[PDB]
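Structure first, then comments.
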Amino acid sequence: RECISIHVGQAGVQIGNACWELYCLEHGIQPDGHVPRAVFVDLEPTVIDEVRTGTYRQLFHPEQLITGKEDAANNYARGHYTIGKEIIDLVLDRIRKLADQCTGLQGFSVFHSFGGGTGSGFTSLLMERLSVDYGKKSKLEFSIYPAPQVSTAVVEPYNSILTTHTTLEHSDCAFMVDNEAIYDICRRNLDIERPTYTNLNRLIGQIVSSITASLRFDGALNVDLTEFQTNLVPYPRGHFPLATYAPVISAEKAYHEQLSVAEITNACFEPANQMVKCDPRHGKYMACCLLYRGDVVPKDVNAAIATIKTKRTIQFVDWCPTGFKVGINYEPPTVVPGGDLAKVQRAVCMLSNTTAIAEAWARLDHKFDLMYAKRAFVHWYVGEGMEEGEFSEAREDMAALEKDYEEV
Amino acid sequence: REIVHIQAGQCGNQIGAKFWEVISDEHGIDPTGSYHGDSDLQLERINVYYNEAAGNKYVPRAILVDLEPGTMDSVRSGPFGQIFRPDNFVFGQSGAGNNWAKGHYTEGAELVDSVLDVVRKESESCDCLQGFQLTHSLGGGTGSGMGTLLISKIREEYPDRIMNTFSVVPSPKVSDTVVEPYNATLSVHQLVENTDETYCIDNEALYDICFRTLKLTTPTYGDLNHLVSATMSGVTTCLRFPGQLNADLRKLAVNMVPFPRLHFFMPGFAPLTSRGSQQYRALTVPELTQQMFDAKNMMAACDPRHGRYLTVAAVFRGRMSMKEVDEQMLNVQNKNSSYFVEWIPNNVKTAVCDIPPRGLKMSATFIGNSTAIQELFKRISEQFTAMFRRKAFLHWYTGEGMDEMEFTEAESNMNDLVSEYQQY
Amino acid sequence: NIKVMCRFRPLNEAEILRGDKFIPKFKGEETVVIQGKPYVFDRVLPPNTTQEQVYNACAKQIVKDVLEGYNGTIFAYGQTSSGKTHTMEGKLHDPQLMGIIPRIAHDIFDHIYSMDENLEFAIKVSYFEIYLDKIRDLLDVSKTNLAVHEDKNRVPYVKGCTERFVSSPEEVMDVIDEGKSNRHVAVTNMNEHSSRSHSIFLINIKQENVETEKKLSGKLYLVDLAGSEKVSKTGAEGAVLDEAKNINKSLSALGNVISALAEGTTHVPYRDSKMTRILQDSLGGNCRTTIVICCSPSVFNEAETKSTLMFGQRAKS
Ligand SMILES: CC(=O)O[C@H]1C(=O)[C@@]2(C)[C@H]([C@H](OC(=O)c3ccccc3)[C@]3(O)C[C@H](OC(=O)[C@H](O)[C@@H](NC(=O)c4ccccc4)c4ccccc4)C(C)=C1C3(C)C)[C@]1(OC(C)=O)CO[C@@H]1C[C@@H]2O
Ligand SMILES: Nc1nc2c(ncn2[C@@H]2O[C@H](COP(=O)(O)OP(=O)(O)OP(=O)(O)O)[C@@H](O)[C@H]2O)c(=O)[nH]1
Ligand SMILES: Nc1ncnc2c1ncn2[C@@H]1O[C@H](COP(=O)(O)OP(=O)(O)NP(=O)(O)O)[C@@H](O)[C@H]1O
Ligand SMILES: Nc1nc2c(ncn2[C@@H]2O[C@H](COP(=O)(O)OP(=O)(O)O)[C@@H](O)[C@H]2O)c(=O)[nH]1
Ligand SMILES: [Mg+2]
Ligand SMILES: [Mg+2]
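Residue numbers (our numbering), protein chains in the order written: chain A, 12 to 419; chain B, 38 to 461; chain C, 2 to 318.
Here it is, written out as structure tokens:
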């Protein structure tokens, strides 16, 4: 029934604090109410401390807040092997101590930031140690994969070609939200050149609320977590769909809010609104899980979607007749009291697997080579319990992910 | 985490006074007083540079190494001079001769053990050690020789903890000493093979940047020092603060050093505007990258525009949009694709603290690993040969128990170091 | 030119049906298949190639050139149970099961006393390991670091390395027995030999032309690279596993740049590590270099063998 969550890496933790905020906010549980149902991991204390100092301070147990005073290191190796190792046990312990206390759970919604040290590496083995300790569950990891041109870390790809290959054979469904492609939404669909990280977080903090929160919440067309991976992954590769939200209108500027279904659904497939720089440049969808929430008439959907199924310029895969999982919830969305999110009475958080990422992976793989081709910051990992193996052999890995997403 | 500063020589020492002059205020620590901190955040991470004894006396955890009493006796007899526990003062009343050899093999070699002693008392302080900060000048005895030894020993004692080195490489135009390239070439040698992060500053790159980027007409040393100390605060201490995207010595190291040499960087501060007037506040952000990435404004002597970059680390520290930050960095990477090396898709390492420099709204330390610094070790290396050839003031070295093959060694080494850097 | 030679060791009957089975498909005498792989490189020695056969292709020429006063390097690599011990030395006295070092020693003393009538030979052997990137002399193991100095040309060499005369094969074996008895080997089961320290065996062929007083000095470096491993996880293990992982990775990485520079690319990472200062005379001047890579079927060996394959393969393709 439930779904634990492990927010790993400063980012996965910032996003965590955010997604975790939106929650109570739409469940009437102020600062000090019940008890969360997740954990927080990082090898840099000062960040998890922000959850220990700032807002939502006492809504957590100093037990579901793991830290390694030591060093973060923007390098996979160190975070996965060398350092990150020391903490893992302890980490697991909570996701085994928190996994027990419950009643017939469904899985762990993992939150990490692909191109980091604590986020890429660590998790790599966290999800790793999970796939074995609970192979019998769902492993949906919600990632924030590398901005297409606006990356941060100098090595980023090293850290992301490595978190992909190690987690690939362990996740159930990996959701992806592109940091940059979300900015566009903040520039083009909300207008603001002042987007603090605290915003992108409010956003995913939204799209995510549509996943677990509301879905695990009764409705006219419930959709379990398992449901996803089933209706969402055509093949064992921990396939990565993309998150998209519909009413991403500004709560100040424009106001046409009342945008009946027929509209908000069409607003999902236009590439300028998908939290991912994977513009359907050719990528044929192969399965979409249209999660709606708020006042929505099933016919409205079983029509708005029909209209789409026949737009053709939206070309769905061949081997797939119908790939539209319509998830209907009741309670409309719940926007931050005064952030910058419109606040409509219905939304569409559609996620999907698109042959599109054939790109995104490509463009991120190429990156890697360029540097590996010169070993660039290699000495930083080797000296951290890794080898020419793990790199070269994780490159070959993704290679068959460029062929996979091509063949399917 | 933690670190333990090291004030090798006079310069490295003089600067200590400025690095600590600053840092303290950037941590509300009065002379012997405690934490008056305008805030409450300038304390949760102090440990990195102090120690708990009394309850109002957080003492800087640095080392003051020097063979010339008068110096440390000027730093200890002035302002903040009375905050260092006397145990910190590892003096060498000997003749602090201006010979690299006199402070590395003959005179310094003695005072070393009585130093390492303390560098261990401080390391075994508490919690977990990160690395050590090292200040000095590569143009003298107690600086290049004895300080370059202090590290060769440190790096044998904890080849785990990092080693940032702040070197005052011999300025071009005019040398404030005569053997300079001797004391220098010999210390860079030791550097390229022990510390793993070096920030080279040039007394004249500063003047310039301090007399034209600060209409400042009488740039006393105190100033230069002050400017420098401003950068080393943005680096370390800073990142030991919260941030949307924070890093720490390692990140900085593990994102900036593609190849083990250790490589040397060139620090650059952000808001560098003259007092009154200039206080333009054009600091939205494009203004900071405008700054940081220009030629002038690079504490180094060489000009970036004269050679690609391998890595860059804009360590910003002041509330800003991870968008207007992450974004700017890009255009910058495309307007200058020319010089920014290609085999690294994203040279830049964006870092972002939160709290800014006490009195400022927004700043951003720049740590560049450009291939341009080739044209400096060249310089140094040249000066050597031109004088080595005639063994100029060599008798002051050999006569101190040195080797004719020692000088050969260093030059070559450091000389090869020039070579490599071009390979990129 | 640097040439890469793969050597597969054969399986013994006790392991053909234990768990270890063939993964190496051989094609011709120069391609080895493994999952995906359409060409290999220059030569693959099968699990049917003699010790003598490996020695002819790999070392015989290098020994010949060394006797005329040139440098040569033979590098060795391969993980645990890959066949390294069997190729380099084998058994110390075995008429055809003997390795590379006992054969070179036999060929050296077959020319000496048959061709000395103006040549005065002195065969000097030196044996040192690089452990925690410090040069430990193995003829006196109270030494925990040892330094390089530079020669007449400004090229570094290991000064103070204890050298000894050898004038018959026996004294060479006695140096090997002495050095192996203090080599850092992980205590596993008796069969496994987990090398945590890289070994450099120097044969310095000094020959003196007694008539003109011209001296020649060919260096044969037999470098045993322990190599970068398929081992377990680290981060709460205080073994010499973590310590070895840092040594093997730093040296294999420098490896990668060195073949890439030998098959072309402006000068670069010389004087970076002690290994790369020891082998400085061997690399860049008139030298020859053979890298002998081993790897048995036992599935883990696929890891190091693929490592030796890629050292080779990047360069020629
Ligand atoms: C009224 C007002 O706003 O005054 C400013 C000011 O006028 C300017 C010109 C300051 C001023 O700095 C200098 O004039 C300067 C003198 C010698 C060497 C280098 C700089 C200032 O003195 C410096 C001072 O800096 C700080 O307070 C930072 O926290 C800084 N602190 C120190 O360097 C420091 C100085 C004395 C004692 C202890 C610390 C810092 C920077 C980075 C990391 C840690 C601390 C500031 C904003 C100002 C004055 C006071 C006029 C500027 O410098 C800095 C480092 O902020 C020079 O260009 C900038 C722009 C500022 O607006
Ligand atoms: N959406 C979003 N992305 C973030 C956030 N914080 C960081 N990121 C992104 O995630 C990556 C940064 O990872 P880091 O913060 O460097 O590292 P980490 O994954 O927390 O772990 P360490 O490297 O060990 O510190 C970059 O690509 C950032 O753009 C956040 O709050 N929200
Ligand atoms: N060609 C061969 N013929 C007979 N026995 C062999 C042969 N090659 C290897 N062996 C044996 O198989 C084992 C592998 O030996 P060596 O001991 O040669 O391995 P490595 O040296 O491959 N091992 P390691 O050092 O632990 O990484 C030993 O028991 C050898 O005696
Ligand atoms: N920035 C800066 N440079 C200094 C200071 N003092 C000496 N220097 C420089 O250091 C070099 C001289 O070395 P010195 O410090 O006297 O050596 P030591 O005292 O014998 O170790 C010259 O290049 C000076 O410009 C200083 O307080 N600040
Ligand atoms: Mg972090
Ligand atoms: Mg062996």
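Don't be surprised by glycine CBs; every beta carbon is placed ideally from N, CA and C.
Original post:
Listing by chain order, which chain A residues have their CB less than 7 Å from the CB of residue 441(B)?
Top reply: Residue mapping note: residue 441(B) aligns to position 404 of the second sequence, counting from 1. In chain order: nothing, as chain A lies at least about 34 Å away.
Original post:
Near ligand 6, which residues have their beta-carbon closer than 7 Å to a heavy atom?
Top reply: 85(C), 86(C), 194(C), 196(C)
Subject >> Against chain C: residues of the region 310 to 322 of chain B by CB proximity under 8 Å >> reply: none
Subject >> Contact set, ligand 4 heavy atom to C-beta under 6 Å >> reply: 46(B), 47(B), 48(B), 51(B), 52(B), 133(B), 135(B), 174(B), 176(B), 177(B), 178(B), 179(B), 180(B), 205(B), 207(B), 213(B), 214(B), 240(B), 258(B), 261(B), 262(B)
**OP:** Taking a Cβ distance cut-off of 8 Å, strictly less, list which residues of the region 419 to 436 of chain B are near chain C, in chain order.
**Re:** none
Original post:
Nearest to residue 252(B) by alpha carbon, out of 223(B), 208(B), 311(B), 268(B)?
Top reply: Your numbering for residue 252(B) matches position 215 in the second sequence. Minimum Cα distance to residue 252(B) is reached at 311(B).
**OP:** Jot down the residue ranges of each uninterrupted beta strand (DSSP E) in the region 314 to 371 of chain A, minimum 3 residues, whole runs only, in chain order.
**Re:** 335 to 339, 357 to 365
Original post:
Between which two residues does the alpha helix (DSSP H) carrying residue 48(B) extend?
Top reply: Mapped onto the second sequence, residue 48(B) falls at position 11. Its alpha helix (DSSP H) spans residues 48 to 62.
**OP:** Return the chain-ordered list of same chain residues with a C-beta closer than 7 Å to the C-beta of residue 75(B), the five sequence neighbours on each side being excluded.
**Re:** Counted from its first residue, the second sequence places residue 75(B) at position 38. Counting only Cβ-Cβ distances below 7 Å, and skipping sequence neighbours, we find 65.
**OP:** Quick one: which residues of the region 203 to 221 of chain A get their C-beta closer than 7 Å to a C-beta of chain B? List them in chain order.
**Re:** 204, 205, 206, 207, 208
Subject >> Distance, residue 256(A) Cα to residue 273(A) Cα >> reply: For the purposes of this step, residue 273(A) is taken as residue 262 along the first sequence, with counting starting at 1. For the purposes of this step, residue 256(A) is taken as residue 245 along the first sequence, with counting starting at 1. If I take the Cα positions, the gap works out to 14 Å.
Original post:
Pick from 116(A), 151(A), 158(A), 164(A): whose alpha carbon is nearest that of residue 127(A)?
Top reply: Working through the first sequence from its first residue, we reach residue 127(A) at position 116. Looking at the Cα atoms, 164(A) is the closest of the given residues.
**OP:** Have a look at residue 220(B) and residue 111(B) and give me their C-alpha separation to the nearest angstrom.
**Re:** Counted from its first residue, the second sequence places residue 220(B) at position 183. Counted from its first residue, the second sequence places residue 111(B) at position 74. Rounded to the nearest angstrom, the two C-alpha atoms are 24 Å apart.
Original post:
Using DSSP with H/G/I as helix, E/B as strand and the rest coil, what is residue 299(A)?
Top reply: Counting from 1 along the first sequence, the entry for residue 299(A) is found at position 288. Residue 299(A): strand per DSSP, three-state reduction.
Original post:
In its own chain, which residues sit with a C-beta less than 7 Å from the C-beta of residue 452(B), not counting the 5 before and 5 after it?
Top reply: Locating residue 452(B) in the second sequence gives position 415, counting from the first residue. 418, listed in sequence order.
Original post:
Considering only the beta carbon of each residue, do residue 413(A) and residue 237(C) sit closer than 8 Å?
Top reply: Counted from its first residue, the first sequence places residue 413(A) at position 402. Counted from its first residue, the third sequence places residue 237(C) at position 236. No.
Original post:
Rounded C-beta distance between residue 132(A) and residue 79(A)? I'm assuming under 8 Å.
Top reply: Within the first sequence, residue 132(A) is the residue found at index 121, counting from 1. Within the first sequence, residue 79(A) is the residue found at index 68, counting from 1. Not quite, the Cβ-Cβ distance comes to about 12 Å (not below 8 Å), so this is no contact.
Original post:
Quick one: any contact between the region 238 to 254 of chain B and the region 347 to 356 of chain B, if contact means 3 or more CB pairs under 8 Å?
Top reply: no
Subject >> Per DSSP, the bridge partner or partners of residue 136(C) >> reply: By one-based count along the third sequence, residue 136(C) stands at place 135. Partner(s): 131(C).
Subject >> Inter-residue Cα distance where the pair is residue 254(A) and residue 360(A) >> reply: Stepping through the first sequence from its first residue, residue 254(A) is reached at position 243. Stepping through the first sequence from its first residue, residue 360(A) is reached at position 349. Straight-line Cα distance between these residues: approximately 7 Å.
**OP:** Within the same chain, show all residues whose beta-carbon is closer than 6 Å to that of residue 44(A), passing over the 5 residues directly before and after it, in chain order.
**Re:** Position 33 of the first sequence holds residue 44(A). So no residue of the chain qualifies.
Subject >> Delimiting residues of the alpha helix (DSSP H) encompassing residue 42(B) >> reply: Here the question's residue 42(B) lines up with position 5 in the second sequence. That residue, residue 42(B), is in no alpha helix (DSSP H); its beta strand (DSSP E) goes 42 to 45.
Original post:
Taking three-plus beta-carbon pairs below 8 Å as touching, is the region 219 to 227 of chain C in contact with the region 188 to 204 of chain C?
Top reply: yes
**OP:** Name, please, each residue of chain A whose Cβ falls closer than 7 Å to the Cβ of residue 284(B).
**Re:** Sequence index remark: in the second sequence, residue 284(B) carries index 247 (1-based). Within chain A, the residues near residue 284(B) are 85.
Subject >> Simplified DSSP state of residue 365(B), which is helix, strand or coil >> reply: Residue 365(B) sits at position 328 when you count from the first residue of the second sequence. It is helical.
Original post:
Roughly how many angstroms lie between the CA atoms of residue 87(C) and residue 403(A), to the nearest whole one?
Top reply: If you number the third sequence from 1, residue 87(C) lands on position 86. If you number the first sequence from 1, residue 403(A) lands on position 392. Their backbone Cα atoms lie some 29 Å apart in a straight line.
**OP:** Can you check DSSP and say which residues form a bridge with residue 346(B)?
**Re:** Along the second sequence, read from residue 1 onward, the residue named residue 346(B) stands at position 309. Bridge partners of residue 346(B): 407(B).
**OP:** Report the option in 267(C), 269(C), 239(C) whose CA atom is closest to the CA atom of residue 187(C).
**Re:** The residue labelled residue 187(C) in the question sits at position 186 within the third sequence. Here the closest residue by C-alpha is 239(C).
**OP:** Starting from residue 234(C), find everything on chain A with Cβ-Cβ shorter than 7 Å and list it in chain order.
**Re:** Taking the third sequence and counting its residues from 1, one reaches residue 234(C) at position 233. Per Cβ cutoff of 7 Å: 92, 96.
**OP:** Take the Cβ of residue 103(B) as the centre, count every other Cβ of all protein chains shown within 10 Å, and call the residue buried at 16 or more, exposed below.
**Re:** Here residue 103(B) refers to the residue found at position 66 when the second sequence is read from its first residue. Buried, because 16 or more other Cβ atoms sit within 10 Å of the Cβ of residue 103(B).
Original post:
Using a Cβ-Cβ distance under 8 Å, would residue 58(A) count as near chain F?
Top reply: Within the model displayed, chain F is absent; protein chains A, B and C are what it includes.
**OP:** Assess, as a yes-or-no matter, whether the region 126 to 145 of chain B is touched by the region 431 to 440 of chain B under the definition of 3 or more beta carbon pairs within less than 8 Å.
**Re:** yes
Original post:
Hey, would you say the C-beta of residue 10(C) is under 7 Å away from at least one heavy atom of ligand 3?
Top reply: By 1-based counting over the third sequence, the position of residue 10(C) is 9. Yes - ligand 3 has a heavy atom lying nearer than 7 Å to the Cβ of residue 10(C).
Subject >> Residues of the region 372 to 393 of chain A whose Cβ lies closer than 7 Å to any Cβ of chain C, in chain order >> reply: 386, 389, 390, 393
**OP:** Label residue 259(C) either buried or exposed according to how many other C-beta atoms from any shown protein chain fall within 10 Å of its C-beta, with 16 as the threshold for buried.
**Re:** What you label residue 259(C) is simply residue 258 of the third sequence in a count that begins at 1. Buried: at least 16 other Cβ atoms inside 10 Å.
Original post:
Which runs of the beta strand (DSSP E), 3 residues or longer, sit entirely within the region 51 to 98 of chain A?
Top reply: 76 to 78
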